[PDB]
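FYI the Cβ positions are ideal-geometry reconstructions off the backbone, even for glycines, and counts take in every protein chain you see. What follows is calculated from the coordinates using simple rules that are stated; it is not laboratory data.
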Amino acid sequence: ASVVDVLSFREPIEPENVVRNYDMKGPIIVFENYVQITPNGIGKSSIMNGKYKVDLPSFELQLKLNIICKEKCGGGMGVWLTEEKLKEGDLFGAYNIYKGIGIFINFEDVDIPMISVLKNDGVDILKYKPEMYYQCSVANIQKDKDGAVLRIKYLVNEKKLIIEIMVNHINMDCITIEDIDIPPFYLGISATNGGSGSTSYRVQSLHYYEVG
C-alpha cells in the first residue's frame, strides 16, 4: 500500500526533497517558503523537469501558486505531462514540439487569465492543429493572497481529465476532457514572464494524491 511519491513537495519546502525529484533549467531557486520559477525580468523563463517517469492510477495534482506582479502580470505558467522531459522553447518556456499534455495559465494579452489544455502528438502545434485544445477563463488567480491552487484530476478508467482552480476559497470549474489518454509521463513545470518586467512566477507546493 505504501507508495514512493516522486512528485510532491509540500509546505514547508525541504530543498533536498525538490532536488531529488526535479531537474532545474533556468533561474529556478528553492526558497524557504516557495520554489521560484522566474524572478522579475522581461522574457525570462524556466523549466523544472521531473526526473522519474510515473505510471499513475487515478490521481489528483494540486499546484499552489505564489505569483507576484507589481502591475498587470505578463507571461504564463505551464504544467506538463509528457512522454519525455521538457526542452526549452517559446511555449511558456518549453519547446513547441512534444508528446503529451500542456496545461497553461496565461496572463499575457488578456484581461482575465485564461487556462488552456493543449494535447500534442509530436507536431509543431504553432504551425499545425493540436490534437486537442480547450480553454476557460478564471478571475483572480494571482490576486488570491493565499495562493490559488491549480487542480489536475484524471480518472484512468473513464479516460477523463478535469481541470479546476481554487481561488479565494472557491473551487472553480474550468475544463473537462472526455476520452483522453495519459500514458506514463514526466511531470514538468514551466513559466515565462513574457513582456512584463515586474512579474515573478513561484510555486508554494505540489501535492500528488491518489484518487480513491
Select from segment 60-113 the residues that are among the small types (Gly, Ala, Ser) and touching a residue at least 24 places away in the same chain (Cβ under 8 Å) and list them in ascending order.
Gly74, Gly75, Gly76, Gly78, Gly93, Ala94, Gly100, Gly102
I'm checking my understanding of the structure. Among residues of segment 16-42 that are exposed (fewer than 13 other Cβ atoms within 10 Å of the Cβ) and touching a residue at least 12 places away in the same chain (Cβ under 8 Å), which one is nearest to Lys64 (Cα to Cα)?
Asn33
Taking the condition acidic (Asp, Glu), in contact with a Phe, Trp or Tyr (Cβ under 9 Å, 6 or more places away or on another chain) and within 25 Å of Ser8 (Cα to Cα), does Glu158 pass?
no
Unmet criterion (only one of (1) free of Cβ contacts under 8 Å to residues at least 12 places away in the same chain; (2) assigned to a strand (DSSP E or B); (3) more than 27 Å from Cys174 (Cβ to Cβ)) for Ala1
(2)
Scanning segment 86-101 for residues that are of a type in the set (A, V, I, L, M, F, W, C) and farther than 16 Å from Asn193 by Cα gives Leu86, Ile97, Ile101
With respect to the numbered conditions (1) within 25 Å of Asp109 (Cα to Cα); (2) surrounded by 15 or more Cβ atoms within 10 Å (Cβ to Cβ), which one is the sole condition not fulfilled by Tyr154?
(1)
Name, by its number, the condition in (1) surrounded by fewer than 20 Cβ atoms within 10 Å (Cβ to Cβ); (2) farther than 21 Å from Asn66 by Cα; (3) free of Cβ contacts under 8 Å to residues at least 24 places away in the same chain that does not hold for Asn120.
(1)
Answer with yes or no whether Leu63 is closer than 21 Å to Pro184 by Cα, assigned to a loop (DSSP other than H, G, I, E, B) and not polar (S, T, N, Q).
no
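Let's see how each residue does on (1) among the small types (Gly, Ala, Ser); (2) under 25 Å from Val211 (Cβ atoms); (3) out of contact with any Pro (no Cβ under 8 Å at 6 or more places or on another chain):
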site	(1), (2), (3)
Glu71	no, no, yes
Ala94	yes, no, yes
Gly102	yes, yes, yes
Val110	no, no, yes
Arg151	no, yes, yes
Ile165	no, yes, yes
Mind checking whether some residue in segment 50-73 is in contact with a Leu (Cβ under 9 Å, 6 or more places away or on another chain), surrounded by 18 or more Cβ atoms within 10 Å (Cβ to Cβ), of a type in the set (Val, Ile, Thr) and over 25 Å from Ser200 (Cβ atoms)?
no
Can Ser46 be described as in contact (Cβ under 8 Å) with a residue 60 or more places away in the chain, surrounded by 15 or more Cβ atoms within 10 Å (Cβ to Cβ), in contact with a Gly (Cβ under 9 Å, 6 or more places away or on another chain) and farther than 16 Å from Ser190 by Cβ?
no
Report yes if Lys53 is closer than 30 Å to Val3 by Cα and of a type outside the set (S, T, N, Q), otherwise no.
yes
By my count, strands (runs of 3 or more DSSP E) wholly in segment 101-212 with at least 1 residues that are among the aliphatic types (A, V, I, L, M) and over 15 Å from the mean Cα position of the chain (by Cα) are 132-137, 149-155, 160-167, 170-177
